[PDB]
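In: This one's experimental. Sequence and coordinates below.
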Amino acid sequence: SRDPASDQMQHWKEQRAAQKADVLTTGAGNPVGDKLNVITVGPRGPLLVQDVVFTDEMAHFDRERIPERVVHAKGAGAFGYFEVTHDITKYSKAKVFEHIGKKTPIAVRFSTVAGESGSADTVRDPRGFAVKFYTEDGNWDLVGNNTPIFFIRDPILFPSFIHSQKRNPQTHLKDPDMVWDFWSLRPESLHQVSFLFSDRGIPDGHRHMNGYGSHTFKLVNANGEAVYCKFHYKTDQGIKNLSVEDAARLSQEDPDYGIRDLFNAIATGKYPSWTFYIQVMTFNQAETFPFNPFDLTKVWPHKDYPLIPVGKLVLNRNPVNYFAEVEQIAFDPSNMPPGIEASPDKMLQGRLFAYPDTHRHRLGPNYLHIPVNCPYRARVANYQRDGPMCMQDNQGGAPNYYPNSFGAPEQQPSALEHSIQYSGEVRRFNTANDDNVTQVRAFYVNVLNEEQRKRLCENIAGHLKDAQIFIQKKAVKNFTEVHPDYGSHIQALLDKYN
Amino acid sequence: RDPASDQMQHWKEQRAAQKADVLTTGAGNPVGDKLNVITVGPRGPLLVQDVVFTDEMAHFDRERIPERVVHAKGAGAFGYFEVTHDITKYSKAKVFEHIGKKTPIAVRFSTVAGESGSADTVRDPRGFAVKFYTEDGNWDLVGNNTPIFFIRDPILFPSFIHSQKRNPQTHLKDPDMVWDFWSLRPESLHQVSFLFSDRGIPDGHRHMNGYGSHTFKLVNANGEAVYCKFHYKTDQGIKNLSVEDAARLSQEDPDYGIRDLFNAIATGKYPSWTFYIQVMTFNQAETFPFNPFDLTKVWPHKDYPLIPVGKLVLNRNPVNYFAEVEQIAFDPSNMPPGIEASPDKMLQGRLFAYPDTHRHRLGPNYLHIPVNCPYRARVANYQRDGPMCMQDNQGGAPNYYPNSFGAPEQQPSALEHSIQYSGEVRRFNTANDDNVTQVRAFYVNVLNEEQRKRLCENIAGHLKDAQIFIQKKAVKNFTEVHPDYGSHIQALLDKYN
Amino acid sequence: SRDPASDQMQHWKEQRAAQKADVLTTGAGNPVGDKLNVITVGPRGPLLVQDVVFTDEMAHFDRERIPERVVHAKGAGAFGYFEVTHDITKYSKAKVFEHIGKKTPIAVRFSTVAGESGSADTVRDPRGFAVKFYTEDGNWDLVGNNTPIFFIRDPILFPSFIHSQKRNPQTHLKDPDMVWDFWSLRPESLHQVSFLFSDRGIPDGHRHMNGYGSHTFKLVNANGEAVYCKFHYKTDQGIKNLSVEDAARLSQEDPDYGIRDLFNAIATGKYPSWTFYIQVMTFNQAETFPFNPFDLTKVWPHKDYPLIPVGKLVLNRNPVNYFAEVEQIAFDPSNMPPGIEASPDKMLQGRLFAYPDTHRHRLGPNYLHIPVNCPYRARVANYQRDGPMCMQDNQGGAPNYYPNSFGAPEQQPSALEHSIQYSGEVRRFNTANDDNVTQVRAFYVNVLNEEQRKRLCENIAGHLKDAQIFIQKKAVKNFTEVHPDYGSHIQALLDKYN
Amino acid sequence: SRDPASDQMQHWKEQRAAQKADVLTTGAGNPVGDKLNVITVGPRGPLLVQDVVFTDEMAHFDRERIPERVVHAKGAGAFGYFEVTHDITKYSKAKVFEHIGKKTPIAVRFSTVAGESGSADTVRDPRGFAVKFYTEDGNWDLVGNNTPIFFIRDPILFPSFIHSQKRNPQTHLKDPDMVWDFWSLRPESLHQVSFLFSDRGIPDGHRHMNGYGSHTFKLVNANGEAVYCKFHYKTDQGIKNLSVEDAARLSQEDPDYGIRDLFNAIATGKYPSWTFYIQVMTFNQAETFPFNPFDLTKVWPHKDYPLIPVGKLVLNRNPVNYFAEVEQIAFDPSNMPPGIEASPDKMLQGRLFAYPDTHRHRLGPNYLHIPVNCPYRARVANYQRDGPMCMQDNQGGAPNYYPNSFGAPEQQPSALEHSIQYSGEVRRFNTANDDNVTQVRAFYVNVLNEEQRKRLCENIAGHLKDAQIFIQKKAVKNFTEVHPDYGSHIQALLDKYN
Ligand code: HEM
């Protein structure tokens, strides 16, 4: 009768109408005589401990909630597949791109950074775009965003950035004062601030936005030659955005606009698609780059590094159970198959450690046993062993020590990583005084036109109006360093707001 | 502007003289640098010897604790309780022992279905939980903004919460589930009528009443027991908001209640609530037309007049929201001598439910958290080692009872009241009970024409998205309540469809 | 060769000699190229975060320890089956006894009460005998002991008893001072103390001891008539015991004597067997019992309540992985199928609440999805849809609320429990003087002969010699109340020891 | 009266005879009326959920156990102080060594590696010697052992070594087969094996053994000049050991021999003492060392690197609660104050990451709020925020992001580390074919005499007799590579044993 997002239970009943309803069992499978009333001493007496069904149900209900992700809590998920359309075997030996036509199952989670589990979808926020590839050589987690860059470039400032973006520790209120204080004290965030406050900041659903790995990745081919690559997945449905008033109205109407849109589009046969590209940079070009090639704030221009098509991402399956397949899913950037490796990108290096720790915290030590996280296209044969909530044979009676003389699993020499000589001094290097203005200026002048610049300035001024006077002055100084037109228009809008 | 916006300026001015403290790690080792990571060369990989980076990242990775399964979105405050009248005849508890006895309190305001990132101004019953720090230990009065509840049997609470919350597959709200449960359980008609009225969306936490909603037993020094209700009525006046204003406030600031409470407390506008009771004797409990322990039944003020007890004043904001509001736990089983529980099935179920979820959400030793500590009581027992054992594990005291070495001893005075019951211990079907007359009286007498019209409009607006047969069942229940109720609701639904 | 326990890895290698050694993978299935050395900059340089395999394996190593059971930590497990031999369908309608010859899979765990995971098997301690039945009506957990009785009779004293049996809170040393202080202050433990310090207190392996449910259970047949029953499983291998010197010597030589003995006996075709009996008591007989029929410190004499054979317990399978099948197993006495229910036995009522709580703490909220704990002979269907490490499909998109109009699982009236009318007053009743002497006197006089009495007195005196003078005097007073011969022999031995 | 280890409770009662016994309260401080009987309807009725005190007590008892340490589970603890006796300010700028006479509180935990919680003290095992210093610059954890060296030299093999030392995954029994298989496949463990099977392998209590940091630590003085140092704490009570028969007898009598000995010695005014030494090595000597100066299997001879006294360790206080002060204590080697830093020792680098992870696992994310782990001699201010069991004010309303313009805590420039130029290709370097024989040979010939070598061979043969033939042959080949006398004596003893 209605759209698929509301007829879920009617569809379930139609699907399971011929068969009889299952009997009501306890946790241990004991059938339940009654589940409407509790055992009491007469009509008006106290409760009995002997109500094992009540105790079981109440205890399980008391433990429903697991810790939410520290970032990207609110999200929507889907399942699909990946198809290779062109040969990039000259760059990487990974089995994902081994030949043309090789389908590969994938899982995708869309999310917002600062939004909590009960927040609205249509808000001004960078969007999370996490893709998991189920491959015969284990799982590969491409955890990207809807933006090629990020706010900061050094890992130790990520918790401070998240704290500044989140609620005030005392009042529990979202605070543009902290937001703009951090943004002005770290001027490298100007590029991402411009990207977020442009019209692309509030996309019209998850099907109308691009995805970027944002990191330079290392591709090793069969000969051992290594190149540096970027990852872009571009939507085939077209880029579409929403206005501020429309975003606020959608937020007040339905906070789950993105989830509902994705669910309906998938259930109506309107499968969203993304085209997979790469940008390959050689070692020589990495040495001769005008900036740091591994800088998270920098992009690679399309003129010197043209996009090369690789494959296509199609999402064609809604999650059966949201908690089972979306809430419990974990993306580990360290999960990289042979042929793809990490670069000296400091942010990526920090992410290599950050994610498994929080996954063990919020999902348990054995979270890789969860079906959505399992590499079911492979076998996990190693010397890892006993853990909390270990529902596996625990690899049976196999030896749990290595090396051994009893035919236990053995390492494969071909999986050894690429080696690069690194010369220098092991110390902390100050990098806040780097170049932060030229790419932002190029984006503002060349990429943006008059109306988009006006909208960007209006959005920045509207968000910054609630900050303190000196914070606004510092932000204005940064914007003026970017461009005098930027700074002057922002100052004028702020002055009329005051 | 508001003090909440000027929080950091206030914090800076609070020192105004002291230089910034040194930056230490978790173990107190001073930090040489906290802006850059240790790398080999300008463009090299990270090194594991960055102990400060590993510590900060690991602590950041574990910042989130599980949210409460219900009443997740909350606002808290601290204050005190003052006794204004003598009710020592009914109860011997030291909270009401004498007039003028100040007593520290802590309260939390919350919404039932609202998750952590949700808007305050939403049509939802409001949580009003009060904790009393008393020399006889802590007392948790976990009330609501309504004198009643939707259901009356404990085993249906998880089903009700599931129906109120997201769809398991689509993760979307389902009025289909909400109204299916409401129509299949007609006892929720009274609370539904209360919620879909003007009082459903209050204008801040300072403009709503609080109700324990349960019949409690008061035992005096002689052992004579009575049944009592608890009402705390706002002295600031009852204030409500329209649906358009509620939606606009939700779109503007989801934390309107938190901000309003914070500003009112910080501006010297301390909210107050007047404490009352409704005492019922044993015989009147036998002569009550309905079940006196029914959660869907109130006691009319004509036969059970309100009698003032004290006043609740909130005059302090939380210093740290996570430390004093997120980590606070309210256990209804925490009852001092002189107050006990009744055979109210819902209360009996809560007595077991709350400590379990507190041990899950905060940890086995959650009573060692400062906000949950009974710092007016000298705790001494035989409970021992647990995860994050905190204070002293009670030292070298014997950990078994009884013993011959002067370990803590039970005192006979704290013995509970003894009442005899007769009957067969079995499950009793109590869904066919009376559910109509109190709702009918509230609709006809308490409300007027415009309030009934608004109530019907709100119910129709919420119910229009349900399926046809669910709407028909709900309409039949409303017609059973009153033909005019049912007919107006059905007309509005037909216009909506 | 040697015992099969020592040849485990040789057997494993012989079994897996016809198959290629598995490749070494990470947690996510990524193949490992070098698991012998860490990534270092140069030969003598610092470690780099890039060792994703090192971090993952070390993190899993850091979390392999789950909390040990608060009691019965040291354990040995086995798997087998239960065969019905006779007809008891007149007493209970449970499908576990429905027909003759109906095989039923079982799992058992043998344990000591006060022993930790690192302690010796051959010590003086009541032995745990927990049996799990996998039945089409869900799992049934018969959690018995090697003694028909217990130390106490009121559940609020169980933590105090365990504390007195365990280490001193300050010195972390065993304290017979606290042991005998609690024993003397609780005279009801005299029967259990006599049983424990008799010859059968130190059994020679788990195959040479009996098992007792120790509780009166309610059996409901198809007509609704309810009787009270006991459960006895008697070893077919014979009752064999060990001396104090031999027990100490075996403890010194090998702390895992029981585990090794059970493993070798099962692996050598020496399947241990236990014969299953019941002791049925009617409502009128319970009303006319000389003592409390529900008292945990009282037995039912075989003359008035003859044992009726039911079936046989055979163990014929060793655990494949000890942690997976013995450490992670959980026995819930509340897991009772229809036809068997609990009695007003206060200890049993307390256990009904105690066990699931500690299981959720020790394993986790979803511990029933662990394969050893799954009711794989039952089709579980309920409305519990959440949990840390949700491992099945979370029952898909089925409605999570009850009642409903969409064909969700429904309760069946046939599982409704038995109802009795209990008259009285709801209050605490002091029950410390329920004739704690007559059964102990009867046992000591009739069951034990002169040499066994002498050995029992020697054992009690040897254990009590380290207590204080007043504690010894109180214990001697209790033993004299039991019998003057008991008291005089114990006091003479104590005076010789002091 | 007996010794304090048994008169604990009597002394506790004597200390509190002149005060009324405290009332019995619940967890929330509500007084308890009756903690001896449960509330039941009538004399013989079912239990009722109204027993809030019973539910609280049972629930807290059900969660009494925390996960045991993956290694060094069985332990004994004590508290004392550290006194500086000489001037080492030229090597390090640490305030712990700042000047002479500076008393400093310390905490010490003694433990066995493979021993589990319920295991005997007198067992052949390397002994743990962990020292925590409470200083004004935070806590310093010197986590050493009773041996200057270790079994292996590469971090990734530590879990395999622990698995080989611990119980069989299937039979849950100890396996000398696994032990000697790992030992023979890793010949670098020969030095440590000789040390462990020498006479000092089973010390007579914790007061009669030395302690070694075993790692080369780097000391930075005020000028930034860095040196490499070792740490030795040598007992002033004398080195005393026990025979195999005596160790077995002590194990069968009392498994807590070490704990009891330490407790009695401290309570009787017999304070044990250890003298603090260092071995300083310069950069040039490290470059010219015949072996790897950072190798965990190599020592520094006293002729070239003489010991230089620093201070004294005195333990003069028993714990007042074993769980509160010994079980909950956590030692983090990364907790190093300014003036002391780590070296490129791979094992130390691995420990720096390993320890905090397992501490957060087994004690909770906020385990530094536990009083024994708190740095109460230093003031703590940082941007770490909300966690489970936040047992402090959570630093109030201070800003939770850095940098900021509101006077939040600031980094101290003088605490910056020492930078050393490091060159070489970032890759895994094999460390198995290194030199593993000459130091063991020197120890065997010079340090050991005839009877000591005979005892060492007897002990090794007694342990190795139960291994397989090929494992024994490989071990014999390793011992022959060490010395022909070693190999021939071991093989002759093995042939006599078989
Ligand atoms: C069988 C019936 C009920 C059950 C099983 C139940 C269960 C729960 C649970 C599990 C929590 C979470 C506590 C926490 O996470 O800290 C909670 C909180 C709460 N409940 Fe209930 N509840 C029931 C009925 C009621 C009733 C009748 C009222 C009011 C009259 C009520 C008012 C509240 C409030 C205000 C909170 C907020 C606690 C806080 O702010 O920390 N609930 N309840």
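Out: Happy to help now that I have it. Numbers count the residues shown, from 1 in each chain, chains lettered A, B, ... in the order given.
In: Contacts only, for the residue nearest to residue A:118 when sequence neighbours are not counted.
Out: Leaving out its chain neighbours, the residue that sits closest to residue A:118 by CB to CB, 6 or more residues apart in numbering or on different chains is residue B:115, at 3.0 Å. The C-beta positions use only the backbone N, C-alpha and C, and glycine is treated the same way. Contact analysis of residue B:115 by CB atoms under 8 Å, 6 or more residues apart in numbering or on different chains lists A:116, A:117, A:118, B:67, B:72, B:73.
In: measure the second one to chain C for me?
Out: Here residue A:117 is placed at a distance of 13 Å from chain C (CB to the nearest CB, to the nearest Å).
In: That residue: which element?
Out: Using DSSP states H and E, residue A:117 is not contained in any helix or strand.
In: in the stretch 201-350 of chain A, which spans are helices?
Out: Counting by DSSP state H, counting those that start in this stretch, the stretch 201-350 of chain A has helices at residues A:244-253, A:257-267, A:283-287, A:322, A:346-363.
In: One more: the stretch 51-200 of chain A?
Out: Using DSSP H, counting those that start in this stretch, helices in the stretch 51-200 of chain A cover A:52-61, A:158-165, A:176-185, A:190-197.
In: quick revisit: and the furthest pair within the contacts of residue B:115?
Out: Largest separation among the contacts of residue B:115 by CB to CB: A:117 and B:73, giving 10.4 Å.
In: Could I get the CA-only coordinates of stretch A:59-75 as CSV?
Out: What follows is stretch A:59-75 as a C-alpha-only set of coordinates in CSV (Å, rounded to 0.1, in the frame of the first residue of the first chain):
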residue,chain,number,x,y,z
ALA,A,59,17.9,-9.2,31.9
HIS,A,60,18.3,-9.4,28.1
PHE,A,61,16.3,-6.1,27.8
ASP,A,62,18.6,-4.5,30.3
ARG,A,63,21.7,-5.2,28.1
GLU,A,64,20.3,-4.3,24.7
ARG,A,65,22.6,-1.3,24.2
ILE,A,66,26.2,-1.6,23.1
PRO,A,67,28.6,1.5,23.1
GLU,A,68,28.0,3.7,20.1
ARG,A,69,30.9,4.6,17.8
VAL,A,70,32.9,7.5,19.2
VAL,A,71,32.5,9.0,15.7
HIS,A,72,30.1,8.3,12.8
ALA,A,73,27.5,6.9,15.2
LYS,A,74,24.4,7.6,13.1
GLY,A,75,24.5,5.6,9.9
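In: That stretch close to the ligand?
Out: Yes: Stretch A:59-75 comes into contact with the ligand (CB under 6 Å from any ligand atom), by way of residue A:62.
In: What residue spans form the domains of chain A?
Out: Domain assignment for chain A by CATH domains of a matching chain gives A:1-65, A:66-149+A:201-374, A:150-200+A:436-498.
In: Now do the shortest one: distance to the chain's middle.
Out: Centroid separation for domain A:1-65 versus its chain: 35 Å, with CA atoms, centre = their mean, to the nearest Å.
In: And the longest one, by the same measure?
Out: The offset between the C-alpha centroid of domain A:66-149+A:201-374 and the centroid of the whole chain comes to 6 Å, using CA atoms, centre = their mean.
In: swap in the last one?
Out: Remark: domain A:150-200+A:436-498 is offset 23 Å from the chain centroid, using CA atoms, centre = their mean.
In: what about it, start to end distance?
Out: Taking CA to CA, to the nearest Å as the measure, domain A:150-200+A:436-498 stretches 30 Å from start to finish.
In: what's the answer for the shortest one, then?
Out: With CA to CA as the measure, the first residue of domain A:1-65 is 33 Å from its last.
In: who in the stretch 51-200 of chain A is up against the ligand?
Out: Contacts of the stretch 51-200 of chain A with the ligand, taken as CB under 6 Å from any ligand atom, map to A:58, A:62.
In: Which residue ranges of the stretch 51-200 of chain A form strands?
Out: Taking DSSP state E, counting those that start in this stretch to define them, one finds strands in the stretch 51-200 of chain A at A:75-84, A:103-112, A:127-135, A:138-145.
In: Sheet partners, orientation included, of the first one?
Out: Just to be clear, that refers to strand A:75-84. If you go by DSSP bridges, strand A:75-84 pairs up with strand A:103-112 (antiparallel), strand A:308-317 (antiparallel).
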